[PDB]
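Down below is the structure, laid out as structure tokens.
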Amino acid sequence: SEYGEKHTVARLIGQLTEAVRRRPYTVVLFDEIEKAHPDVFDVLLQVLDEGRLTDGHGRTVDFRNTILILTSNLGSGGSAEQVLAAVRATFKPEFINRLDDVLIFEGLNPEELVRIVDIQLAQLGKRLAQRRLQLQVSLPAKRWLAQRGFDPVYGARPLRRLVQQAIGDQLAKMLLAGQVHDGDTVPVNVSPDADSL
Amino acid sequence: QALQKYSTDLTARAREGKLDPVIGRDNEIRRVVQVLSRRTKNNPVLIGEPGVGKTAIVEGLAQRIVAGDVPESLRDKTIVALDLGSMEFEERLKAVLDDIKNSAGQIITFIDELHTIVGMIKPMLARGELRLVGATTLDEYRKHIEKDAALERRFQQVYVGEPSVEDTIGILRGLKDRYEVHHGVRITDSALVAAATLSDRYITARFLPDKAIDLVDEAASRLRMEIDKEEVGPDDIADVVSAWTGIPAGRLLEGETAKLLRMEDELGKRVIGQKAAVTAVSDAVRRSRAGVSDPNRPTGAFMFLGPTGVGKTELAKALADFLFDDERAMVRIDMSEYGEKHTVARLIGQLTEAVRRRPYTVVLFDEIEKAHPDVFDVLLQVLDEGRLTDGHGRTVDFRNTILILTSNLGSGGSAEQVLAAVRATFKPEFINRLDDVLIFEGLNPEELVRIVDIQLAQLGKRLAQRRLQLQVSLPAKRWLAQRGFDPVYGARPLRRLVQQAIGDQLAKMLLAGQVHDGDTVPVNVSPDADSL
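Those protein sequences? They're chains E and F, same order as listed.
Numbers 637 to 649, 662 to 845, taken from the authors' numbering, label the letters of the first sequence in order.
Numbers 159 to 245, 254 to 285, 299 to 407, 530 to 649, 662 to 845, taken from the authors' numbering, label the letters of the second sequence in order.
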């Protein structure tokens with residue numbers, strides 16, 4: 637996301665090189681490849697389908713058994729081919745050919761959005777392992793958190809702010825003023841609008 | 159964290175009550191909350207003529223957020239007002263945008279006066308991440324932003340009207356205490372009504388509430404100068542609105558039943574005779590100030606015609622004299638130029666954007682005969698509805714102006730020779746929409762002496778620089794009447810007779826000696842001409 641100009645090739649040709669030659673098995677990310685100027689793709693072109701590149705010292709580091717992974721956000725809501733034909737704009741066809749199966753993620757279903765709340769509350773339970781502070785969440789609140797998970801433009805990310813606005817605020821106030829100590833159980837209960845304690 | 163260094167924080171100032179209370183306008187607040195909470199392209203723009211309150215809406219939104227009357231997914235999202243003056255440059259801007267996007271939409275940015283933003300934010304706007312609220316004037320918008328049509332597709336124009344007195348009286352009662360402390364003077368609430376009432380019919384160039392605060396401020400300053530009467534009052538407000546705009550000269554607070562009681566006789570000091578066509582013009586003003594008028598019609602739309610040289614243009618500049626205290630604040634268009642079918646476009662506009670500023674001016678239409686019968690079609694919904702349109706899509710209301718139409722058709726018809734000639738050019742769907750068609754008569758030599766008195770008083774007031782009084786005897790004063798003759802050309806050849814008799818020999822005797830300042834120059838009847 638930082639390689640907007642044509643001369644940040646040199647920081648990886662290197663930061664990319666001398667992190668593989670030590671242990672040649674690590675998986676490699678590439679986050680938000682849209683913002684790179686189309687010169688970084690030229691460096692990436694012999695990474696694919698050959699596996700080797702060079703540097704100043706003259707060694708050909710072999711990418712023959714790592715799992716490359718590319719992320720993007722192009723289109724972001726194309727019907728069936730609106731998102732696919734937008735890829736053909738920026739990427740030259742000598743780069744789309746060298747890839748494997750281009751995968752499309754879908755959105756999220758409110759049927760498959762309940763269980764994310766289970767994962768998030770299990771995560772917050774494992775965060776409070778220092779205090780041994782178990783917390784009790786009832787099923788009406790556990791489905792109350794799903795219905796504010798809404799508006800499928802922003803994904804499941806506003807749910808992870810919803811949990812910290814509902815539970816975490818009043819818990820963080822009731823944690824450092826008394827009446828909550830180690831080993832206690834803090835149940836949550838559905839007040840007619842918000843979540844009580 | 160980088161937004162700490164290149165921004166203010168309106169929410170932090172709102173949380174200690176340091177904002178003036180915003181009263182009114184539920185519709186615009188609900189509209190801003192509606193637009194700001196959609197999925198993509200969620201960034202409104204406030205647009206209106208200046209002074210009507212556009213910063214006040216955003217401060218009211220901040221008050222309503224800190225109070226908490228908003229819906230669920232707008233609660234506790236601070237409004238961080240950005241800058242572009244205080245803000254290597256592209257690195258700094260990318261740091262600001264990265265710091266905004268790093269949050270979870272918890273920040274509402276606020277670029278005030280965003281017409282400077284033209285001189299890399301373009302992909303961020305359309306995706307829907309950074310919420311942006313702005314405020315432009317209506318006429319810097321079409322110069323700086325509408326030139327750059329890739330940007331302006333990503334906004335939502337929220338129009339804001341303007342005017343109103345009833346809330347401004349409350350605003351002025353609220354802010355009364357602050358100026359009494361800085362200038363150590365008391366301010367009386369009797370004057371505080373007048374400083375907003377009287378600042379609407381006179382000062383029609385700026386917009387509202389800020390214009391009605393400068394009067395209180397400058398009146399307090401003048402009173403401090405005089406205290407170098531212990532409080533301000535309704536007189537010094539009038540003193541300020543006289544000394545600025547020179548409005549005091551014309552009229553000087555002339556308005557009340559006592560004026561409108563004497564209007565058939567006050568107007569006679571500049572128009573002589575024509576008595577049956579002043580008792581009708583003097584009636585569409587009295588019935589419109591009593592409250593009997595039809596609330597969807599112009600207050601008077603009447604057409605007077607007749608022969609030439611009668612006083613039909615002098616009348617329509619004399620009833621624009623005590624309403625406005627001047628004689629140049631009227632919409633004087635001349636339809637003697639619209640011979641062809643495509644000069645409609647210069648007024649549809663030159664007619665339009667001279668009313669929408671101050672919607673009270675009297676409108677002339679000189680010599681409507683020469684217009685091709687297509688301009689009458691434009692004029693047809695002016696009458697009996699009061700509104701027309703233009704390119705921008707606004708319906709300007711002519712509901713309380715006094716339309717005036719002049720003509721010269723026939724010019725000497727007996728009783729129906731002049732009236733049936735109107736029926737030739739005008740279609741009957743246009744004669745019906747008018748008020749009482751007035752006919753002027755000619756002039757009588759009995760009522761022609763006093764015009765010479767008016768003309769010589771005018772020439773006396775012209776020589777006020779030289780303090781040069783001139784003495785006119787009664788035999789010469791009736792000698793000028795008898796050359797006023799041949800009732801085809803009206804009283805216009807008399808105003809050449811005066812400049813051929815007096816003005817020639819006076820202009821010769823003025824620049825060669827023997828006439829100086831303060832002297833008296835009498836005229837005396839030589840057996841043919843006028844002597845000195």
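Just so you know, even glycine gets a beta-carbon here, dropped at the ideal spot from N, CA and C.
Might you give, ordered along the chain, the residues of its own chain that have their beta carbon closer than 8 Å to the beta carbon of residue i, omitting 5 neighbours on each side?
i, result
"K642 (chain F)", "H685 and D687"
"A305 (chain F)", "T198, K199 and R333"
"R310 (chain F)", "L194, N200, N201, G271, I273, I274 and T275"
"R587 (chain F)", "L561 and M564"
"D368 (chain F)", "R352 and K355"
On the DSSP bridge list, what partners appear for residue i?
i, result
"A314 (chain F)", "F:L204"
"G826 (chain F)", "Paired residue(s): none; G826 (chain F) is not in a bridge."
"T546 (chain F)", "Beta-bridge pairing links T546 (chain F) to no other residue."
"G601 (chain F)", "F:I715"
"residue 120 (chain F)", "Nothing in the structure corresponds to residue 120 (chain F), since chain F is present only between 159 and 845."
"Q663 (chain E)", "Partner(s): none; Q663 (chain E) has no beta bridge."
"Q336 (chain F)", "F:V203"
"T275 (chain F)", "F:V238 and F:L311"
"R365 (chain F)", "F:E532"
"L701 (chain E)", "E:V709"
"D635 (chain F)", "F:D679"
"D843 (chain F)", "F:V838"
"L751 (chain F)", "F:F605"
Once you ignore the five residues that flank residue i on each side, which residues in its own chain have a CB closer than 6 Å to its CB?
i, result
"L161 (chain F)", "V238 and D265"
"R712 (chain E)", "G699"
"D389 (chain F)", "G209"
"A814 (chain E)", "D843"
Could you check how far apart the C-beta atoms of residue i and residue j are, in whole angstroms? I think they sit under 8 Å.
i, j, result
"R197 (chain F)", "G307 (chain F)", "7 Å"
"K235 (chain F)", "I274 (chain F)", "6 Å"
"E682 (chain E)", "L722 (chain E)", "6 Å"
"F605 (chain F)", "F753 (chain F)", "6 Å"
"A794 (chain F)", "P758 (chain F)", "7 Å"
"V364 (chain F)", "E532 (chain F)", "6 Å"
"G206 (chain F)", "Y338 (chain F)", "6 Å"
"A375 (chain F)", "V344 (chain F)", "6 Å"
"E341 (chain F)", "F386 (chain F)", "6 Å"
"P599 (chain F)", "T702 (chain F)", "The pair is not a contact, with the Cβ atoms about 17 Å apart (cut-off 8 Å)."
"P608 (chain F)", "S724 (chain F)", "4 Å"
"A370 (chain F)", "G534 (chain F)", "5 Å"
"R647 (chain E)", "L696 (chain E)", "Rounded, the Cβ-Cβ distance is 20 Å, inconsistent with contact."
"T833 (chain F)", "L783 (chain F)", "7 Å"
"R171 (chain F)", "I215 (chain F)", "Not a contact, Cβ separation roughly 16 Å."
Excluding sequence positions up to five away, which residues of its chain have a Cβ less than 7 Å from the Cβ of residue i?
i, result
"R173 (chain F)", "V224"
"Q336 (chain F)", "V203 and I205"
"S594 (chain F)", "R588 and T600"
"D537 (chain F)", "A398, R401 and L402"
Report the residue from the options whose alpha carbon sits nearest the alpha carbon of residue i.
i, options, result
"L751 (chain F)", "F:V582, F:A374, F:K560 and F:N201", "F:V582"
"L168 (chain F)", "F:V191, F:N268 and F:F276", "F:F276"
"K322 (chain F)", "F:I283, F:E345, F:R310 and F:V344", "F:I283"
"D766 (chain F)", "F:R808, F:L819, F:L747 and F:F689", "F:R808"
"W792 (chain F)", "F:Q768, F:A777 and F:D841", "F:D841"
"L756 (chain E)", "E:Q730, E:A804 and E:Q768", "E:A804"
"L240 (chain F)", "F:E254, F:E279 and F:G226", "F:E279"
"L554 (chain F)", "F:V695, F:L377, F:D318 and F:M404", "F:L377"
"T213 (chain F)", "F:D227, F:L194 and F:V180", "F:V180"
"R707 (chain E)", "E:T665, E:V785, E:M822 and E:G640", "E:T665"
"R763 (chain F)", "F:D622, F:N268, F:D710 and F:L787", "F:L787"
"residue 295 (chain F)", "F:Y639, F:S637 and F:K618", "Coordinates for residue 295 (chain F) are absent; the numbering of chain F skips from 285 straight to 299."
"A585 (chain F)", "F:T609, F:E615 and F:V675", "F:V675"
"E186 (chain F)", "F:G175, F:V203 and F:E405", "F:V203"
"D830 (chain F)", "F:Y802, F:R796, F:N597 and F:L781", "F:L781"
"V632 (chain F)", "F:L620, F:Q784, F:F678 and F:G592", "F:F678"
message: Under 7 Å, CB to CB, which of the residues in the region 186-200 of chain F have a partner in chain E?
response: So the list reads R197 and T198, given in the order they occur along the chain.
- prompt: Any residues in the region 801-833 of chain E with a beta carbon nearer than 9 Å to a beta carbon of chain F? Which ones, in chain order?
  reply: Of all residues in the region 801-833 of chain E, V801, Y802, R805, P806, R808, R809 and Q813 have a Cβ within less than 9 Å of some Cβ in chain F.
task: With 7 Å as the C-beta to C-beta threshold (strictly closer), list the residues of the region 259-278 of chain F near chain E in chain order.
output: Of all residues in the region 259-278 of chain F, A270 have a Cβ within less than 7 Å of some Cβ in chain E.
message: At a CB distance below 7 Å, what residues from the region 772-804 of chain E approach chain F? Give them in sequence order.
response: Listed in sequence order: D799 and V801.
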